[PDB]
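Undergrad: Shown below is the structure under consideration.
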Protein chains: 4
Amino acid sequence: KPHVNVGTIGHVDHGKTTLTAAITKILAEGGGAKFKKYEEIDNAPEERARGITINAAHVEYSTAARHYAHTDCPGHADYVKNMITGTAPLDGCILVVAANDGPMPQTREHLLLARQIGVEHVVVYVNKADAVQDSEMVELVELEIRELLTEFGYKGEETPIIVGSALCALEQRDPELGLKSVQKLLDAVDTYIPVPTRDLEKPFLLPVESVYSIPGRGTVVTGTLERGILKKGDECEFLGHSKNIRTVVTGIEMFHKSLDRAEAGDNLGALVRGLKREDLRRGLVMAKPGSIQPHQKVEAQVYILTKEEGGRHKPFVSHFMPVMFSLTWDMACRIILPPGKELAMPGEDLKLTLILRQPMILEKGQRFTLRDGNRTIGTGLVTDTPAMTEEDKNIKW
Amino acid sequence: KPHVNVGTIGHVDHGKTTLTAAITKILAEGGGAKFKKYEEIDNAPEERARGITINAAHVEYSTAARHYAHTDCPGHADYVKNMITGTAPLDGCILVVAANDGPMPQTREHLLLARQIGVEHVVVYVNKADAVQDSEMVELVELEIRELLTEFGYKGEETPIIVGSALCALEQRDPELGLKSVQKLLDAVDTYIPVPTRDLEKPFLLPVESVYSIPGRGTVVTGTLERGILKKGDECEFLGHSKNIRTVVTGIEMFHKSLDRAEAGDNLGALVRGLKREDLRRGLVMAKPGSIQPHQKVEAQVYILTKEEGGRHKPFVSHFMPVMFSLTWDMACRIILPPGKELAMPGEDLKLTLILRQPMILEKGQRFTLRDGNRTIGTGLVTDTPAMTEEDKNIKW
Amino acid sequence: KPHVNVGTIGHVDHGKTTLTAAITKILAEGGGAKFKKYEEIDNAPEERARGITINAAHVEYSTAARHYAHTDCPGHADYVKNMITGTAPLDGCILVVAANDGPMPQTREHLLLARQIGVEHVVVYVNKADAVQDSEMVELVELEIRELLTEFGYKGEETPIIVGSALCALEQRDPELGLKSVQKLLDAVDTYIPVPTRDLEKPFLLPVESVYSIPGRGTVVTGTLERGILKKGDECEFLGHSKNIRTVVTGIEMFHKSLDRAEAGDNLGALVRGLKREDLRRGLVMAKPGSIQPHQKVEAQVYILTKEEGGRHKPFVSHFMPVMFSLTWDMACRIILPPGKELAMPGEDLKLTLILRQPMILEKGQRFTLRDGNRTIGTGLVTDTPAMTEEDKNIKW
Amino acid sequence: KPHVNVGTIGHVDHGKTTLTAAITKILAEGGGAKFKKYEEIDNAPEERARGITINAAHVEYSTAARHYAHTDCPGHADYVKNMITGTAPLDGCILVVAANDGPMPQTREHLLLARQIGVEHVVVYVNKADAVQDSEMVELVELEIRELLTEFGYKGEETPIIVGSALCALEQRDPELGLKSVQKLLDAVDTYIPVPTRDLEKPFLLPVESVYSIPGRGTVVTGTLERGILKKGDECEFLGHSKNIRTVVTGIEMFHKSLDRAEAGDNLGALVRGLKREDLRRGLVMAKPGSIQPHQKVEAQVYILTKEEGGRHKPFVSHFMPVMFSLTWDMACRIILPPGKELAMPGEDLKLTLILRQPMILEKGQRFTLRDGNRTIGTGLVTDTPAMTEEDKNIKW
Ligand SMILES: Nc1nc2c(ncn2[C@@H]2O[C@H](COP(=O)(O)OP(=O)(O)O)[C@@H](O)[C@H]2O)c(=O)[nH]1
Ligand SMILES: Nc1nc2c(ncn2[C@@H]2O[C@H](COP(=O)(O)OP(=O)(O)O)[C@@H](O)[C@H]2O)c(=O)[nH]1
Ligand SMILES: Nc1nc2c(ncn2[C@@H]2O[C@H](COP(=O)(O)OP(=O)(O)O)[C@@H](O)[C@H]2O)c(=O)[nH]1
Ligand SMILES: Nc1nc2c(ncn2[C@@H]2O[C@H](COP(=O)(O)OP(=O)(O)O)[C@@H](O)[C@H]2O)c(=O)[nH]1
Ligand SMILES: [Mg+2]
Ligand SMILES: [Mg+2]
Ligand SMILES: [Mg+2]
Ligand SMILES: [Mg+2]
């Protein structure tokens, strides 16, 4: 069946793990010798991805329509890092909000992060409906949630909100609160969360990994199509490093065979017309003409690694100038702390403003790492590509 | 129940009006029903919108779930002008493709136009299935349409494609091809085409209509919130006329009453901190900080008005410099004709590249008119905001 | 007295009309008929049926046992046209063969036609016995006739053969040859030619004349039961137009009353379970399931109308495509002329092969007309139902 | 004396055997139809028709006008299997109906089988008139029987119905009910039941037994002409294995001599023009062009043999592909238990739908066997040739 990656988000102690466990138990009830229990998921593995350690539980379960890869994390820190470091792909989120607590600070942070990483669809599970002494408490929280969703870019009025008790469901009790709510939840997830797509419909985008030439045929740029479809003869535009080159792809090569087309995910060699090897370089991005434009200024959510993770031992102030690695390029940039913030502490995550020396393909949602010296000092997510201020372009380098 | 605006699109003679008539007839079966017949719909009345005449038929029908306003136009020129002019809202399109003919030129243009004007979802009706013997043909056409959808930005694999005969449906015969296809079509419309929204979850955006001052209180900008929600105390940013002014909305007023918030559709006066009346002007756009960026170069589908439509008398050539009006602003721009067109054919639409003298809010899907002197010679839609090339700078006036 | 439709057949000048006149003469004595002189019967009135003109004399006479409607026609062409169109229904035929001339071409053609239209009983009158020198001739002709009878499907051995002189009978002379032979002929007719039946034991067959709906009850098809018995609750199948629809007849209505059954000859409305108006159309035949199979190709003896009969003025060639009308249906068909035949001349009858665009109920013995636009150009009788050939199926309409 | 195959049919205990015995006496007394007593007959000589067990009692007796091969079977199962396998050919049937019981289930089932096997003539013996007091009971039973006959396609109005007591005739008492009734029965039997005929008038049909070549002369197919007449020069068509080949019989060989014609029952060698040995194969049927059409779907009354008879010791579901043998061909088929039936128990007969991977000559009334491995799991009789559903066609073997 179609595969979908989802995850429970929401403030600590609201029931994310209980829901996840209840889901695995309910769906694995149609016969099953082994399925992850609460405790087994509450204490999840530690995945060291690029020096950063994040405790995350990954369970799999299937509905009558889709196979799901579900991640649940023990603490808020795991979510922040995980969502910013783009370790676990995500097509949709199950926002768990304990009825008796209502949206909490982490509830909002996760929503922001889910929005910023590209999640456009969320399903809300108002958990702990068993511990509620007022049905008034429920109707009120749903309203607050829909407004919260809209506040964070989601269609609050369209978002499915299921009310129930993940606990009752996990301990197979009071079906109207437990089992039923979870079924209603899974149904909402099957219908509201879109199935992943290789985004073949978006303008092709190919980060140039390398360049080479074949005597007698021309210059070839290699790379993996991150999205769209590249067709032989298609017009292309290379962007980055303060340059814009418009030409045509006269040939596509994969597995030593000439092809008429390549699609997102294909590692290919694109033969381009007229251009010579010195005209191109790793770092440029070949895209459908006019589909994207380089950005030199960006706002990004950035996790600053701790010394343990191999990052900085001390904080840094505005105008700190590490080198940003994103896609296949690397570019020097200047970090600008938010108003107030005088120091950027290691282990801390914040919304930073980054200005690259030269405009590069830096799309919203695009991930990057910051390196100073030979170590990674931060990992981030582009959240906005604000307009370069008059003072910004008057920056020194 | 929910109201949704839809319309049939596709190449002439593929069955758009027959399908429309079939739908009305079928949904007319019982209740307080008075439906329009083929002839009535085919002989679409003309309508004038800002000096531009268009033959368009409008019918209404409701499924069990929604009410629909449906637009069907006789000729291709009708759709081109109607979709570029932005006369009415379009939440979804019903792309009609005749099975024997397969996708044709107008099939492509309408899809592109639909995507450009903002239609995110279309449902496809492969018509005239009755006129085919080889289901082999139909299968190929469906595959072809899915690639076509993907080619134009729509999720081809996800798009509902219904095969049938609008004629059999209209003439109440061969139900598997007729009635049942129409029922499947309407279901798909009900489920795949989103209900309109006021986009309250999007970043607030307020095109400034005017500016005034209240002694002892401050400067006020007036305008109608185009999307999102504005709250008293919200940080805001004015964009346009090469200016980036960031401040805060300290007061929102409507009906001579102060408000804590306003949302899309509200015509309001927004009191802003610090700024003076000379610091602002009609044409600027007040938006959530960093949400949008002004553009100076844009690609657009532009309809060149006819001489009798009040358009220009002499077709203009590349580098013509009309004045662009969009939102509440006006700005000089330079036009660059498409590669392959030496002149802007009157009464014809084309893909122009326009460069504004100054960056202004010009979002994709945004409409604008081009005026030469006091007369409008073209009305367009932003389709892309390409990277401003070094050459595009060197151009003067 | 039961009623039987009979008629004389046989070669021109063999004595059909004289015999017919002799019969009325002999029966007029006892008041079982009004004597019609040879001259009155010979100068047969011209009649017009669906434009087709044929001269036929109709006389009525009664034997003590039955009442008879006797048809006698002047020329071979009248017989051919009459039998192909079935203008004068025949329950049995009196084959007249002149002993002095023996079986002739038309003797064979009439027996063949008689067989093809469903006549199963023929009594023979070997006429002009007064002109045969001896029995050898007669005895030999009789033998030849019985053999001929068997050659065309009849039981030559059981078939009554009366020898005599219709002329002697008519002129009341030579009692043995005349009077006695005619009385013997009539006795044989009374005995060997069975009274007509409604074929109530045959599988019911109801050509659908129209379809209508009764709110709260369902879809009703109307038509005249051509044969068999239809009972409420009976399973039925609708055949034709490449449709295979099986259901049950849940109601039978005639004279605005609900009936439990109807019989051949009844014009009724059959309420059929589950089907909607869209499922059915005039032209389909409702029949006992599996009782009949639609045919798409047939051989038929076809009379091509002259322009005076409203037909074509010019001959047509092989592959001509009129529309065949039979029972309550109409269907395009392609005509294939006989081997050698290069032109179908108006006023000519010939064996044609017709292939329908779609299989329809078209049985051997079934009649049809061929129309080109608004005029009937041919009227035919199905004589065989050959299976479709590979190239036949590969017909382009 | 002419020979006519006959047998009694009717519900159990209605007096079939008694009537049989009563028959062997009345004719063995006068002449030498040597009677066999009730017990002899009642305990019929169990016969085997290809493993298939059939307790059938055979008896011969003659009437001054004919010799008869009369068969009587103990249980319902015997008749079903006997008629389905056609082990004992029937030119006519003697339907026994207890006048006190009237038509019962088996009475109807036997009439249907009789019709399904081609029996066109039945004589009815209303038995046990001695057990009935009122004459109304009787006349009512006769009316019911005539309705029953008509219901099954027989001419209920002309079918001879004899009332009496087979027990009285047998025990020679009450001549009116006994003797005189059986005398009336036999007279009706001699009169109503016609004499068979090889049928030399239908389109020649030659199931191909084998193929061989005569170098310098051509390909020869051998087989016994099942019907019609084949003449040298006649055009022919090979049907089966979806290979429609047409040609001409350039030679006929029987008894090592070249003949001009051959007729039904003749085992011959047919030399066909142009075709090569590879072009033909056993199993194909050579027939007059268009005279017959291959069938890939069929409904049939199939008897599922019992393990004792060699059938699959277990029942089979609607999804089973045994191999079907009929005429000289063999073909894999998919059995489709009718909607409702979930299994096919051995020893049980039922209407089945059969889909052959290829269109073979399988006419209604044609017999076949079904095999699993080298075991015959069922024997059947084709009763209907339904159209292939677009579903049936999309069948993968
Ligand atoms: N009463 C009640 N307690 C619940 C429910 N769901 C979870 N809990 C309890 O709340 C605590 C935190 O739940 P847990 O799933 O670990 O929260 P997480 O941090 O979001 O994963 C545990 O003590 C759970 O047993 C519920 O529906 N009702
Ligand atoms: N055979 C067939 N003709 C159709 C069907 N739908 C429409 N048509 C015919 O196609 C022609 C054009 O249809 P119309 O609805 O006016 O096309 P439009 O130009 O797309 O509006 C008319 O002659 C219709 O009767 C269909 O399902 N089958
Ligand atoms: N000698 C003789 N002539 C006869 C007899 N019956 C008819 N004819 C003559 O044969 C001719 C044709 O007879 P008619 O009845 O018109 O033949 P039809 O064409 O078959 O109707 C006339 O001249 C009749 O008088 C008969 O029994 N004997
Ligand atoms: N009263 C009466 N009994 C009869 C008559 N014919 C047969 N029976 C009885 O009915 C029973 C069944 O008859 P049988 O010939 O075995 O029936 P079958 O199964 O149709 O062969 C036996 O007990 C017979 O004695 C009859 O004319 N009158
Ligand atoms: Mg947890
Ligand atoms: Mg139209
Ligand atoms: Mg005459
Ligand atoms: Mg018995």
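Simple scheme: letters A, B, ... for chains in structure tokens order, numbers from 1 for residues in each chain, numbers from 1 for ligands in the order shown.
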I need the contact residues of chain B against chain C, so if you could list those with any atom within 7 Å, counting only C-alpha atoms, and return them as JSON, numbers by chain, that would help.
TA: {"B": [172, 173, 174, 175]}
Undergrad: Using only C-alpha atoms and all ligand atoms, which residues of the polymer chains come no farther than 6 Å from ligand 2? I'd like the answer as a count of residues only.
TA: 14
Undergrad: Using only C-alpha atoms and all ligand atoms, find each protein or nucleic acid residue lying at most 10 Å from ligand 5; present the set as a tab-separated table (two decimals) with N, CA, C and O atoms, in the first residue's frame.
TA:
chain	number	residue	atom	x	y	z
A	8	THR	N	4.07	11.75	15.87
A	8	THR	CA	3.31	12.42	16.89
A	8	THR	C	4.13	13.61	17.36
A	8	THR	O	5.34	13.49	17.59
A	9	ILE	N	3.49	14.76	17.47
A	9	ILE	CA	4.13	15.98	17.95
A	9	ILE	C	3.20	16.51	19.03
A	9	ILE	O	2.08	16.04	19.17
A	10	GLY	N	3.68	17.49	19.80
A	10	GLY	CA	2.86	18.02	20.88
A	10	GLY	C	3.69	18.09	22.14
A	10	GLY	O	4.73	17.44	22.24
A	11	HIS	N	3.22	18.87	23.12
A	11	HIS	CA	3.94	19.06	24.37
A	11	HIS	C	4.14	17.78	25.18
A	11	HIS	O	3.32	16.85	25.12
A	12	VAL	N	5.23	17.73	25.94
A	12	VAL	CA	5.55	16.56	26.74
A	12	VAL	C	4.43	16.13	27.68
A	12	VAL	O	3.68	16.96	28.19
A	13	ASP	N	4.33	14.82	27.88
A	13	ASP	CA	3.34	14.25	28.79
A	13	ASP	C	1.90	14.31	28.28
A	13	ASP	O	0.98	13.90	28.98
A	14	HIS	N	1.69	14.81	27.06
A	14	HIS	CA	0.32	14.87	26.57
A	14	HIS	C	-0.26	13.57	26.03
A	14	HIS	O	-1.46	13.48	25.78
A	15	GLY	N	0.58	12.56	25.85
A	15	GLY	CA	0.08	11.27	25.38
A	15	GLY	C	0.56	10.78	24.03
A	15	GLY	O	0.00	9.82	23.49
A	16	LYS	N	1.59	11.41	23.48
A	16	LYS	CA	2.12	11.02	22.18
A	16	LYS	C	2.52	9.54	22.12
A	16	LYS	O	2.18	8.83	21.17
A	17	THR	N	3.24	9.09	23.14
A	17	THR	CA	3.70	7.71	23.19
A	17	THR	C	2.55	6.74	23.44
A	17	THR	O	2.51	5.65	22.87
A	18	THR	N	1.61	7.14	24.29
A	18	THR	CA	0.48	6.29	24.58
A	18	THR	C	-0.34	6.13	23.31
A	18	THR	O	-0.80	5.03	22.99
A	19	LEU	N	-0.51	7.22	22.56
A	19	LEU	CA	-1.26	7.16	21.32
A	19	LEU	C	-0.56	6.23	20.34
A	19	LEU	O	-1.19	5.34	19.75
A	20	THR	N	0.74	6.45	20.17
A	20	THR	CA	1.53	5.63	19.26
A	20	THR	C	1.40	4.15	19.63
A	20	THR	O	1.17	3.31	18.77
A	21	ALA	N	1.55	3.85	20.92
A	21	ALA	CA	1.46	2.47	21.39
A	21	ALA	C	0.07	1.92	21.13
A	21	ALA	O	-0.09	0.79	20.66
A	38	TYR	N	4.23	0.48	24.89
A	38	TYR	CA	4.56	1.81	25.41
A	38	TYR	C	6.02	1.87	25.84
A	38	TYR	O	6.85	2.47	25.16
A	39	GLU	N	6.31	1.24	26.97
A	39	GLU	CA	7.66	1.21	27.54
A	39	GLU	C	8.74	1.06	26.47
A	39	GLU	O	9.75	1.77	26.49
A	41	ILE	N	8.63	1.92	23.45
A	41	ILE	CA	8.68	3.08	22.58
A	41	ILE	C	9.07	4.32	23.39
A	41	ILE	O	9.71	5.23	22.88
A	42	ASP	N	8.68	4.33	24.67
A	42	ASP	CA	8.99	5.46	25.55
A	42	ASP	C	10.50	5.58	25.70
A	42	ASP	O	11.04	6.68	25.82
A	43	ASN	N	11.16	4.44	25.69
A	43	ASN	CA	12.61	4.38	25.75
A	43	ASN	C	13.09	3.96	24.37
A	43	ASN	O	13.38	2.78	24.14
A	44	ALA	N	13.15	4.93	23.45
A	44	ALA	CA	13.56	4.69	22.07
A	44	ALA	C	15.06	4.74	21.84
A	44	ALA	O	15.82	5.30	22.64
A	56	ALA	N	14.88	8.79	19.28
A	56	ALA	CA	13.65	8.70	18.49
A	56	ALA	C	13.17	7.27	18.31
A	56	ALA	O	13.95	6.35	18.04
A	57	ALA	N	11.86	7.08	18.46
A	57	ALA	CA	11.24	5.78	18.30
A	57	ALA	C	10.61	5.73	16.92
A	57	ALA	O	9.90	6.66	16.52
A	72	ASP	N	8.18	8.77	17.02
A	72	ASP	CA	7.74	9.40	18.25
A	72	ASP	C	9.03	9.68	18.99
A	72	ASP	O	9.95	8.86	18.99
A	73	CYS	N	9.12	10.86	19.61
A	73	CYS	CA	10.33	11.21	20.33
A	73	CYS	C	10.03	11.44	21.80
A	73	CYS	O	8.98	11.97	22.16
A	74	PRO	N	10.95	11.03	22.68
A	74	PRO	CA	10.79	11.20	24.12
A	74	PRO	C	10.63	12.66	24.54
A	74	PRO	O	9.62	13.04	25.14
A	75	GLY	N	11.62	13.48	24.22
A	75	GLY	CA	11.55	14.87	24.63
A	75	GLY	C	11.52	15.93	23.55
A	75	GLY	O	11.83	15.68	22.39
A	76	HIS	N	11.14	17.14	23.97
A	76	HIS	CA	11.06	18.29	23.09
A	76	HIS	C	12.36	18.53	22.34
A	76	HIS	O	12.35	18.90	21.16
Undergrad: For the strand (DSSP E or B) assignment from backbone DSSP, which residues of region 162-267 of chain B qualify? Please present them as a VMD selection string.
TA: chain B and resid 162 to 163 205 to 207 210 to 214 218 to 224 227 229 to 231 235 to 240 243 to 254 257 to 259 261 to 263 267
Undergrad: I need the chosen residues saved as a tab-separated table (two decimals), in the first residue's frame, with N, CA and C atoms.
TA:
chain	number	residue	atom	x	y	z
B	162	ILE	N	-11.99	10.65	-14.79
B	162	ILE	CA	-13.20	9.90	-15.05
B	162	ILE	C	-13.38	9.73	-16.54
B	163	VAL	N	-13.65	8.50	-16.96
B	163	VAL	CA	-13.87	8.23	-18.38
B	163	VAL	C	-15.36	8.00	-18.60
B	205	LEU	N	-1.55	40.42	4.61
B	205	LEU	CA	-1.08	41.26	3.51
B	205	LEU	C	-2.14	42.33	3.28
B	206	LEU	N	-1.72	43.59	3.41
B	206	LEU	CA	-2.61	44.73	3.27
B	206	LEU	C	-2.12	45.77	2.27
B	207	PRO	N	-2.67	45.75	1.04
B	207	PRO	CA	-2.25	46.73	0.03
B	207	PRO	C	-2.71	48.09	0.54
B	210	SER	N	-4.40	54.25	1.08
B	210	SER	CA	-4.11	55.64	1.38
B	210	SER	C	-3.41	55.79	2.72
B	211	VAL	N	-2.96	57.01	2.99
B	211	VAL	CA	-2.27	57.29	4.24
B	211	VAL	C	-2.73	58.64	4.76
B	212	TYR	N	-2.88	58.74	6.07
B	212	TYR	CA	-3.27	59.99	6.69
B	212	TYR	C	-2.65	60.04	8.07
B	213	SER	N	-2.82	61.17	8.73
B	213	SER	CA	-2.25	61.34	10.05
B	213	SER	C	-3.27	61.90	11.03
B	214	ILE	N	-3.15	61.46	12.27
B	214	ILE	CA	-4.01	61.93	13.34
B	214	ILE	C	-3.06	62.56	14.35
B	218	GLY	N	-0.64	59.45	15.52
B	218	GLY	CA	0.31	58.88	14.58
B	218	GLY	C	-0.18	58.76	13.15
B	219	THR	N	0.54	57.97	12.37
B	219	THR	CA	0.21	57.75	10.97
B	219	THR	C	-0.67	56.52	10.77
B	220	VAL	N	-1.65	56.64	9.88
B	220	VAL	CA	-2.55	55.53	9.60
B	220	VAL	C	-2.57	55.16	8.13
B	221	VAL	N	-2.53	53.86	7.85
B	221	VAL	CA	-2.59	53.37	6.49
B	221	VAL	C	-3.94	52.68	6.35
B	222	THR	N	-4.63	52.92	5.24
B	222	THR	CA	-5.93	52.30	5.04
B	222	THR	C	-5.82	51.25	3.95
B	223	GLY	N	-6.71	50.26	4.01
B	223	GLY	CA	-6.69	49.22	3.02
B	223	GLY	C	-7.48	48.03	3.48
B	224	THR	N	-7.64	47.08	2.57
B	224	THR	CA	-8.38	45.87	2.84
B	224	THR	C	-7.40	44.72	2.94
B	227	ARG	N	-5.47	38.80	2.98
B	227	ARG	CA	-5.38	37.46	3.51
B	227	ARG	C	-4.87	37.52	4.92
B	229	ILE	N	-4.64	37.28	9.13
B	229	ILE	CA	-5.23	38.02	10.23
B	229	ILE	C	-4.21	39.01	10.78
B	230	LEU	N	-4.67	40.21	11.11
B	230	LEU	CA	-3.80	41.24	11.65
B	230	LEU	C	-4.23	41.48	13.09
B	231	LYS	N	-3.28	41.50	14.01
B	231	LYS	CA	-3.61	41.75	15.41
B	231	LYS	C	-2.93	43.02	15.89
B	235	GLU	N	3.95	42.96	14.45
B	235	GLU	CA	5.06	43.61	13.76
B	235	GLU	C	4.61	43.60	12.30
B	236	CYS	N	4.95	44.65	11.57
B	236	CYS	CA	4.58	44.71	10.17
B	236	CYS	C	5.74	45.26	9.37
B	237	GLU	N	5.63	45.11	8.06
B	237	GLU	CA	6.68	45.55	7.16
B	237	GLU	C	6.01	46.10	5.90
B	238	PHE	N	6.44	47.29	5.48
B	238	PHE	CA	5.88	47.85	4.27
B	238	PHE	C	6.87	47.55	3.16
B	239	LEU	N	6.34	47.11	2.02
B	239	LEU	CA	7.17	46.75	0.89
B	239	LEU	C	6.72	47.46	-0.38
B	240	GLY	N	7.68	47.86	-1.19
B	240	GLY	CA	7.36	48.55	-2.43
B	240	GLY	C	8.16	49.83	-2.56
B	243	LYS	N	11.57	50.36	-0.87
B	243	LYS	CA	11.61	50.66	0.55
B	243	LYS	C	11.22	49.46	1.38
B	244	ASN	N	11.88	49.31	2.52
B	244	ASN	CA	11.57	48.22	3.43
B	244	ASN	C	11.49	48.85	4.81
B	245	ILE	N	10.27	49.22	5.20
B	245	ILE	CA	10.04	49.85	6.48
B	245	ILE	C	9.40	48.85	7.42
B	246	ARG	N	10.06	48.61	8.55
B	246	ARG	CA	9.54	47.66	9.51
B	246	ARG	C	9.15	48.36	10.80
B	247	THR	N	7.92	48.12	11.24
B	247	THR	CA	7.40	48.74	12.45
B	247	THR	C	6.33	47.86	13.09
B	248	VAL	N	5.40	48.48	13.80
B	248	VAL	CA	4.35	47.72	14.47
B	248	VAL	C	3.00	48.40	14.32
B	249	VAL	N	1.94	47.59	14.27
B	249	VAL	CA	0.60	48.13	14.18
B	249	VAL	C	0.15	48.30	15.62
B	250	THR	N	0.05	49.54	16.06
B	250	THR	CA	-0.34	49.84	17.43
B	250	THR	C	-1.84	50.06	17.56
B	251	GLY	N	-2.50	50.18	16.42
B	251	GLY	CA	-3.93	50.38	16.44
B	251	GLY	C	-4.60	49.99	15.15
B	252	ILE	N	-5.73	49.31	15.27
B	252	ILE	CA	-6.51	48.87	14.12
B	252	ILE	C	-7.87	49.49	14.31
B	253	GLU	N	-8.39	50.16	13.29
B	253	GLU	CA	-9.68	50.79	13.44
B	253	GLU	C	-10.61	50.51	12.27
B	254	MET	N	-11.88	50.28	12.60
B	254	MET	CA	-12.93	50.04	11.63
B	254	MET	C	-14.20	50.59	12.26
B	257	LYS	N	-14.09	52.53	15.43
B	257	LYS	CA	-13.88	51.79	16.67
B	257	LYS	C	-12.55	51.07	16.62
B	258	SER	N	-11.84	51.06	17.75
B	258	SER	CA	-10.56	50.38	17.82
B	258	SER	C	-10.80	48.89	17.93
B	259	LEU	N	-9.93	48.10	17.31
B	259	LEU	CA	-10.08	46.66	17.34
B	259	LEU	C	-8.76	46.00	17.73
B	261	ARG	N	-8.03	43.00	16.48
B	261	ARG	CA	-7.69	42.22	15.30
B	261	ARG	C	-8.65	42.46	14.15
B	262	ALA	N	-8.19	42.11	12.96
B	262	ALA	CA	-8.96	42.23	11.75
B	262	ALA	C	-8.49	41.08	10.88
B	263	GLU	N	-9.32	40.66	9.94
B	263	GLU	CA	-8.92	39.55	9.09
B	263	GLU	C	-9.21	39.81	7.63
B	267	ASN	N	-11.80	46.14	5.61
B	267	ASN	CA	-11.29	47.41	5.10
B	267	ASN	C	-11.01	48.16	6.40
Undergrad: Got a sec: who's within 9 Å of residue 366 (chain B), counting only C-alpha atoms, leaving out chain neighbours fewer than 6 positions off, as a PyMOL selection string?
TA: chain B and resi 117+326-327+380-383
Undergrad: Residue 337 (chain C): which residues within 12 Å, counting only C-alpha atoms, same-chain residues fewer than 5 positions away excluded, as an NGL selection string?
TA: :C and (299-302 or 315-321 or 342-345 or 349-355)
Undergrad: Have a look at CA of residue 290 (chain A) and CA of residue 297 (chain B) and let me know their distance in Å, one decimal.
TA: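 CA of residue 290 (chain A) sits 10.1 Å away from CA of residue 297 (chain B).
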Undergrad: Report the residues of region 121-340 of chain A whose backbone DSSP state falls under helix (DSSP H, G or I), written as a ChimeraX atom specification.
TA: /A:129-131,135-151,166-170,179-192,277-279
Undergrad: From the set B:96, B:64, B:265, B:48, which residue has the shortest atom-to-atom contact distance to ligand 6, counting only C-alpha atoms and all ligand atoms?
TA: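 For ligand 6, the nearest of the given residues is B:96.
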Undergrad: Just checking: using only C-alpha atoms, which residue out of C:148, C:333, C:77, C:95 ends up closest to residue 125 (chain C)?
TA: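 Distance minimum relative to residue 125 (chain C) lands on C:95.
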Undergrad: At a cut-off of 10 Å, using only C-alpha atoms, what residues contact residue 53 (chain A)? Leave out same-chain residues fewer than 5 positions from it and give the result as a list in words.
TA: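 Using only C-alpha atoms, the neighbours found are residues 46, 47, 48, 78, 81, 82, 308 and 309 of chain A.
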Undergrad: Show which residues sit within 8 Å of region 35-37 of chain A, as an MDAnalysis selection string. Count only C-alpha atoms, and ignore same-chain residues fewer than 6 positions away.
TA: chainID A and resid 21 24:25 28 59
Undergrad: Can you pull out the residues contacting residue 112 (chain D)? Cut-off 10 Å, using only C-alpha atoms, and skip same-chain residues under 5 positions away; I want them as a list in words.
TA: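 The residues that qualify are residues 106, 107, 117, 119, 149, 151, 152 and 153 of chain D.
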Undergrad: Could you tell me how far CA of residue 94 (chain A) lies from CA of residue 155 (chain B), in Å and to one decimal?
TA: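 Answer for the CA of residue 94 (chain A) to CA of residue 155 (chain B) separation: 23.9 Å.
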